[PDB]
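Trainee: Quick one, fold the following:
(chains A, B, C, D, E, F and G)
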Amino acid sequence: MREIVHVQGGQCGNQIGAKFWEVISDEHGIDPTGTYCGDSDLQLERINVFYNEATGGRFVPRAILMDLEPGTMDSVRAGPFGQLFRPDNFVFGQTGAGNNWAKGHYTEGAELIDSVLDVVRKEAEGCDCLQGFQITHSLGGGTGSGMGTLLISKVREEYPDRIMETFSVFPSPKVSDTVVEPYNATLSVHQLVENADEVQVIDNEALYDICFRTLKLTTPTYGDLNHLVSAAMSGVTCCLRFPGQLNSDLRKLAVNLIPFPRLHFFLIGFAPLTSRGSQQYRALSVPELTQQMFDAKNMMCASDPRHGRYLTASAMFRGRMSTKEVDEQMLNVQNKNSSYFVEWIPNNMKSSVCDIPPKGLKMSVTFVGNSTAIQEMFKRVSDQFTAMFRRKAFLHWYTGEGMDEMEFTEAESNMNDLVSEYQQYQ
Amino acid sequence: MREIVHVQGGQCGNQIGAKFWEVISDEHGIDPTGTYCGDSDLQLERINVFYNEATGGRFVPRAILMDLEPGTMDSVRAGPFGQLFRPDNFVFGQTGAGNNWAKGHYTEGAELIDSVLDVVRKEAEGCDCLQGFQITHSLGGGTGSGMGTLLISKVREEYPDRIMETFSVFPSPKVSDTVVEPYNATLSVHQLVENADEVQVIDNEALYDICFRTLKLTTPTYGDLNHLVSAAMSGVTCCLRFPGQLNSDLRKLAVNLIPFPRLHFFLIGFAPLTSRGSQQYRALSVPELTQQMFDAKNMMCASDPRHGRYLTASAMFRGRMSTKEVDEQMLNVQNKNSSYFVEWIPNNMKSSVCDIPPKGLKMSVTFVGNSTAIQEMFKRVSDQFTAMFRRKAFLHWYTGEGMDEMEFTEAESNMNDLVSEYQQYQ
Amino acid sequence: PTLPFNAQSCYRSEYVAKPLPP
Amino acid sequence: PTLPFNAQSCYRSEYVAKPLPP
Amino acid sequence: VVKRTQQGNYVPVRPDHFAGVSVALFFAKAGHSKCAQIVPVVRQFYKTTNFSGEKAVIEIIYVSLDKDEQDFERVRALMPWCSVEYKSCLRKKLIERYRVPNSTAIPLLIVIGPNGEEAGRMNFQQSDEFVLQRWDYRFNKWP
Amino acid sequence: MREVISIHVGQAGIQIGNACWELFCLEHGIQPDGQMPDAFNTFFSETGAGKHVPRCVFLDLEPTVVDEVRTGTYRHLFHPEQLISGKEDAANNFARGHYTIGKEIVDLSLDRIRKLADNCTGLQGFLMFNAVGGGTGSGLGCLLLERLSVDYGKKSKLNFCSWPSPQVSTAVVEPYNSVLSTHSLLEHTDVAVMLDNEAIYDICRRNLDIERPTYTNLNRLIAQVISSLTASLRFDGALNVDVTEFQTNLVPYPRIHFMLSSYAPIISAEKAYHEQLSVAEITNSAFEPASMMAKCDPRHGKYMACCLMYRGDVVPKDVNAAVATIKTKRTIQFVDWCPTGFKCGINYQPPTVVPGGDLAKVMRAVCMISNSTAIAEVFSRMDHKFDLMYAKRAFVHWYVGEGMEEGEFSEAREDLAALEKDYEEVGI
Amino acid sequence: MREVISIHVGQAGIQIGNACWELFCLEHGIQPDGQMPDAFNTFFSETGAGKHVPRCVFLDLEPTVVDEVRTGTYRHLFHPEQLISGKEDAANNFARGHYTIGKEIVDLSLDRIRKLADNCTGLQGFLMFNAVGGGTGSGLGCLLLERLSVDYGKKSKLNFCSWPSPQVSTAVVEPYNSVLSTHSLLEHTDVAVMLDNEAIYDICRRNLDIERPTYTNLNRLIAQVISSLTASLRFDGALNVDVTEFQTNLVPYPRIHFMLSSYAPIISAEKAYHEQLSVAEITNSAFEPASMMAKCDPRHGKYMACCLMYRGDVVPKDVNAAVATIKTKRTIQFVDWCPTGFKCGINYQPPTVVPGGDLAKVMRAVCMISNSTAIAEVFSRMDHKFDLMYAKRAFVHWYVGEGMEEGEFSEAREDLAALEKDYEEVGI
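Mentor: Residues are numbered from 1 along each chain as shown, chains lettered A, B, ... in the order given. Please see the structure below:
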């Protein structure tokens, strides 16, 4: 049938991807030892989208765990639900790309690609024909931003007719780790706009805003934030695994969303997000789901969308919705928020119905919005890059690994063009 | 009907031969004493191919043990399944050949063939219809390479109709034993090409490499290497012993894999090979068998197979299984890997279904492939031979025992033609 | 226990083998 | 420490006693 | 010796029940992975094929190879078809007479003619899952 | 001998089709199996001794809608060779369903149509069921029916198209699929009945009294109209019509063949007890503008041809009495150049009600198909939507990247410009 | 009555022929013991205490397959002498099976044949099952074909050879054995039916949906074919055709007797009963290339002759109707010089089934034995394989070693060239 190949890169990627397989195993009901319990034929009528039979009845995930630092995915192995993953699917490293984009891509990476491309195509070619790829990584880091971006480039030229879509975190405005952010980000973007089909942006302090203002949780760890991202990843690809009224595919939302090939960077939403206290006030129904779609504090990325106009957007509703109150209100939010959307497209805002609600809730909706609010955010990284390029700050670590003075200027110009293309469309 | 006569020569031949009779007795359910247990017809209906009834109910092997030191003969007797061999079938050397192919063949072995050719004459002639012989020996060593090759020469001119197949181990690539490998290996090879029908080549570095990545065994002794090589040995002759959908004897394979007379060197593989940990995380089916069985990381002989072209090959499948996916996979692997095979020969592959699986597994395959990629090993042996010979090194032991100067030049001239013959068809 | 599946598809649930008119 | 032999020929599994046409 | 599970308690089953239909013996475990795999698909198949129409058309007698009363009762309590009594000799008679080794031999469906013998043998321990539709009752139904 | 081959292409065609086939089986008294325990000859072949198989083909590229039919309770009814699935979806693209992926699937589909048609002569026509705004519903619909027009040139084609609604569209490519489809369906089809979606939402709202209509309840009402269409073919009556004698009565000029539909009554079981459905009143509700199934509003319309297929216990003496009162009614206005605009037909069979359905047991029903000049507004709005999206070449890169030559949108524009001016010229 | 002798040579011949004797024993109601609880006389003799023994001989050089039959359930069904075994395998060497080890077993073989043919006069002919690619199948097959041709020179000799497949081989020296046997069966046999192993793998995959087959599935399908050829001899029918009139209607020239096979329907257990195997479509499910049992596309060939054998609820009206629609259907081409290219045979007895086997009961079936000029590709493909082997004498030393003279490769090559030219000439 249809296959989605999962690849996790970087420290960020393996930690996110650990909780993604938490929720996916929980959607279908696979016990962490690999056995199935949940006794429903419609749960796993489409099971082969993510997993494989093993003549013991166990399902192993089609995940390729991928890094250069042998400790971070050693963590994943010992953790809960770590015994799902195939031991052969691990591709260790020894040295570790120490936050240098240069050594992730060209020098240090190149001797490990001989292994990771082997394992990816052996799982690819095994089936009838592939559908897509998933890459979970960070574009601030070294081993995810650079060495993961190599794996983006090679599999694209090998399967040009397939799709792939990634979930990538970016530098945050106030807090910022990893002092080479804009070197790692800008070098990754100008490769990402050339060899990737779809990117979902995540901001760290936008996630922190969620767990303060909405969730009413004082001090949880990365576990809670990954849970929110894992729900969003499950929400986008729900429709491949379950039927519905208005069906969806990754490629069908691909053709629906992007107007021009250059701009394919997407915002994320999710609902419901009220606390334990506020649960009993709300009586969940179609209009209040849509109202907290268009709540700026509920946005997964902290680029304030009120400044820009939404170019287009999608809403994969999940549950048992009555379709008239779905689409009429879907039009209603376009008329109500008149200036919030763009003028030259009639029917800016879209819908789907994914017939199975997630367990523990009854109605859910995932927002994917191609906004122009990312104008200010890439302009943030643009100025941050120019600040440490005017006289070659931190340049020697990159330059020593086969970089050029010319290739840095191309990355600035190329990523600046992406800024220009968004600003033109207003 | 048919009986196969076993000959075990040398140090390596006895150890790989002792472990060989361990698994055949296991397969046929023979007690270490010699009795039978397992109360089924299929094991016992064809047993005279390897065994002989003694009017006590006990089955004795049709094997002739042969060595010039009584030490390694003692060890084989003293182990389990040691009481099974006939005491009279042991033949003893009171002197011992120290690595010298000259004394193994011209001087010391010459007077002990007279003793052992009597034994093999009595056993072979007593049967209804002989099929052929199998010989397990080393080529590095003196007794294996020397006397083992002489006995090959003597019974070919005596029984010119019957088949012969040899399980010979070669000098290893990286490190070595028996410092005069080229003075033993090359002196056997030009004689082995003249009086042998099939040669199955084993390398120790290949067996170390197999036992490392696949089986994940930390400490591989010769207990498991001989166990692994013996698993390939039983897979070759399974169709002779058990009923199957497509039967395939030795003579079946010989006419099948040999284009030209002089090129009859093989490349052996076995499948499946998985660790105890990763036993139940794979799907043991005929797509997965063929992907594992055609691999550079599966061959028992460490010549790189994708540096050459496969001239002819055979896959003898085993188990309760079924004849179209095994049939389609042969077509599938041939269509995809067009550059890996030879062009002027279509339909290179063979299928042979052997309905009884190897014991304790469910579905298996042995792979015997006549590849031109094994020309690397004949060059490398000959490359070592030229350097020693042009400097007249280590020669005074060979020429002291009664070997001619001319013989070495003839041997080098022979294998140089063998390389050039393989090379011409790439 | 992990929490249960309650949906049934509309096509299964409504196109039942009807008793035939005479 | 062996296991039973549980392999069956292709012949015996399908060349069996047959119920006659009437 | 054969037990029909009904609303409130367990009743010995009517002699008229097995007449006119196809009866399959279902050789199974409790708690086994493939057992838990094969129970719901067979339940769906049973439900659809019996409720599609007026008369019952098939009947599956479930036979256990459990070593516990609790396990037997637990796996038996959640099924719509009848079963065999745990202490009854006929269960072990069926095991010895059909030669399940008691593993790859579970679960098993042996469909039975009027003569209490093997009218059809079918194994689940394989890739294919259309075997449920493959078993057809229009070819082997009893007096 | 006397039959019609039905074709379902695209999702909307498919799940309308499984709704109409369950109705067709139920009226004929055939089981899901396909055997009763010469009326059925128009919609079924006779298989061996006593069975039937539908004269239909199931064509879609995504398998998810047609495989579910293969696993439902209508398994054994359909012949398994024409339940055709592709592998990947057409994905809201005209050029995809017409050029690239559609090629490999029509070759098999044409074979089964031609095998179903070579059984007997005197084939009546085709019943296409497809959406317009969809990908495979539009692209694959053209390529299959274009091949049929070459081979079976002089037969009728009934394209029961589901038009994109005026307000709710649920794609960018609704104008981009509709304009190109009708360009490549105008000169291929004979009669194309206009069907809407949210014109049936409000039908269920005001009449049927259902707050929450789904896609199934939409398709039952569609199924009722099609049964009333072919009731004349299936059974006997006082005065019958035929699918060959539609376009004689309804297509005055060779291009003007977009026509609406209506049905009456649509009365819930609660309110049905409060009304005796007489011929005088059910014909009034049929012509009432809020009871038609496209709401292409006819008050500004100018009626040209109407075909009233009365069904059930209706006598000829009151049907002419009913139509007489209509002509003198002021609001329903006919065009000057066409003096007689009524052709009416009677059948003896009452409408069939499905068990556990939405519609109540009525004794009489009227099905309308009407050619009107109101269709100017449904084409003018669709032209306007295209012009705004084509102002700066939105989403063209998907179409031109697929293989369809740029500028094909321009010839499809001038065709729709000619079509929108032909209605306004006629209605003067 | 008038009987037929079946001869099995080689491993393929033993295994395929035993499926044939499982089917023949089943349909005539005789037990594996051989006694029932004059129609069967065409395949079984009489013997003493009401027990029937087949008219077959089992020949193989290696004992590994014929000894297994002796220990099988049919241990009492065959005569002990009728299953002849050697001690050493031929081992894919046509030279070995024809010269060295062939002569010591051929004499014992034709002793039993002499005794079994002298039981009654007026017997039909011979059926021979052999593997072309195999050693003893090609070797010993020629020796019996040579020596029976000189003694029983009068009679018909039909051959059902498992011809090697295009890509799939089950050997590599098989191009040698193919062209060597072809020289020896051109001028010594009467009718040869070419079988392909991987073509029936295609059949089991798409028609019957067995994703996971085996040799037991192969030989069941072959046994249904052989029973359909010889159905007219055994059971009464509307219009019978025997093995004597096969070569009359299918062999225009003495050299040209290489003809394909097809069977319809090949349908599953559950698949079948829910769709009628109509007489019209049961033939439409026979003339397509994918249903043909040789992997030899006849689309780039011309059909020279055709013989259809129907079995079961078949009426002469539907046979003539089915032939007429095929001839007027364009996708197949008949040769200009053969207008009466059809020969119809109808038998009353329905196809028998092996219960819980592979197929099901269907009320009717058709078996095709068709002679065409499509065979020109399979001999040219075999020739192109052979010239690359013979370019530098590969695997010749094994052949010449035993006693076969070098140069028999040369003359057999030019004969296949002579055979290739005749097929090209006749197709004008």
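Trainee: So stretch A:287-294, near chain F or not?
Mentor: No. Among the residues of stretch A:287-294, none lie within reach of chain F under Cβ under 8 Å from any Cβ of the partner chain; the closest is 14.7 Å away. No exception for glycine: its C-beta is placed from N, CA and C like everyone else's.
Trainee: and that stretch, how far out from the chain's middle?
Mentor: How far stretch A:287-294 lies from its chain's middle: 22 Å, per Cα atoms, centre = their mean, to the nearest Å.
Trainee: show me what contacts residue 17?
Mentor: I'll assume chain A. If a contact means Cβ atoms under 8 Å, 6 or more residues apart in numbering or on different chains, then residue A:17 has A:6, A:8, A:63, A:65, A:76, A:136 as its contacts.
Trainee: actually chain C
Mentor: Taking Cβ under 8 Å, 6+ apart, we find residue C:17 in contact with E:52, E:53, F:31, F:32, F:73.
Trainee: now do residue F:419
Mentor: F:182, F:186, F:255, F:379.
Trainee: List of residues touching the helix or strand where the first one lies?
Mentor: Spelled out, that is residue F:182. If you go by DSSP states H and E, residue F:182 is part of helix F:174-183. Outside of helix F:174-183, the residues that reach it under the criterion Cβ under 8 Å, 6+ apart are A:347, F:92, F:94, F:132-135, F:138-139, F:141-142, F:163-164, F:171, F:382-383, F:385-386, F:389, F:395, F:399, F:408-409, F:411-413, F:415-416, F:419.
Trainee: Mind giving me the packing neighbours of the helix or strand that comes right after that helix?
Mentor: Heading C-terminal from helix F:174-183, the first helix or strand you meet, by DSSP H and E, is strand F:191-193. With contacts defined as 3 or more Cβ pairs under 8 Å, 6 or more residues apart in numbering or on different chains; DSSP states H and E, the packing partners of strand F:191-193 are strand F:156-159, strand F:258-264.
Trainee: what's the closest of the ones you listed to chain E?
Mentor: Closest of those to chain E is strand F:258-264, at 31.6 Å (criterion: Cβ to the nearest Cβ).
Trainee: Contact partners for residue F:308?
Mentor: F:283, F:286, F:319, F:323, F:342, F:343, F:344, F:345, F:366, F:367, F:368.
Trainee: do the same with residue E:106
Mentor: So residue E:106 contacts E:27, E:28, E:29, E:32, E:34, E:35, E:65, E:100, E:125 (Cβ under 8 Å, 6+ apart).
Trainee: mind redoing it with 10 Å?
Mentor: Under the criterion of Cβ atoms under 10 Å, 6 or more residues apart in numbering or on different chains, the neighbours of residue E:106 are E:27, E:28, E:29, E:32, E:34, E:35, E:38, E:65, E:100, E:123, E:124, E:125.
Trainee: and the helix holding residue F:182, how far out from the chain's middle?
Mentor: Counting by Cα atoms, centre = their mean, helix F:174-183 is centred 17 Å from the centre of its parent chain.
Trainee: Pull out the buried positions in it.
Mentor: Buried residues in helix F:174-183, counted by 16 or more other Cβ atoms under 10 Å in any protein chain shown: F:174, F:175, F:176, F:177, F:178, F:179, F:180, F:181, F:182, F:183.
Trainee: Closest to residue B:316 out of those residues?
Mentor: Closest to residue B:316 out of the buried residues of helix F:174-183 is residue F:177 (56.9 Å), distances taken as Cβ to Cβ.
Trainee: dump the residue contacts of the residue lying closest to residue F:189 once chain neighbours are set aside.
Mentor: Beyond its immediate neighbours in the sequence, the residue positioned closest to residue F:189 (Cβ to Cβ, 6 or more residues apart in numbering or on different chains) is residue F:159, lying 4.4 Å away. When contacts are counted by Cβ under 10 Å, 6+ apart, residue F:159 touches F:7, F:126-130, F:132, F:141, F:145, F:185, F:188-193, F:257-258.
Trainee: Can you name the residue of chain C nearest chain E?
Mentor: Closest approach between chain C and chain E, counting by Cβ to the nearest Cβ: residue C:17, at 5.1 Å.
Trainee: Check the secondary structure at that residue for me.
Mentor: coil (DSSP: H, G, I helix; E, B strand; the rest coil).
Trainee: just to revisit the earlier point, quick check: angle from the helix holding residue F:182 to strand F:258-264?
Mentor: 110 degrees (axes from the mean of the first three to the mean of the last three Cα atoms, to 10 degrees).
Trainee: What are the phi and psi values at residue 9?
Mentor: Unless you meant another one, I'm taking chain A. Note on residue A:9: backbone dihedrals following degrees, to the nearest 10 are phi -130, psi 140.
Trainee: You answered for a different chain; I wanted chain F.
Mentor: Main-chain torsions, residue F:9, degrees, to the nearest 10: phi -130, psi 130.
Trainee: what's the burial count for it?
Mentor: 32 (other Cβ atoms under 10 Å in any protein chain shown).
Trainee: now it, which residues is it bridged with?
Mentor: Beta bridges link residue F:9 to residue F:59 when assigned by DSSP bridges.
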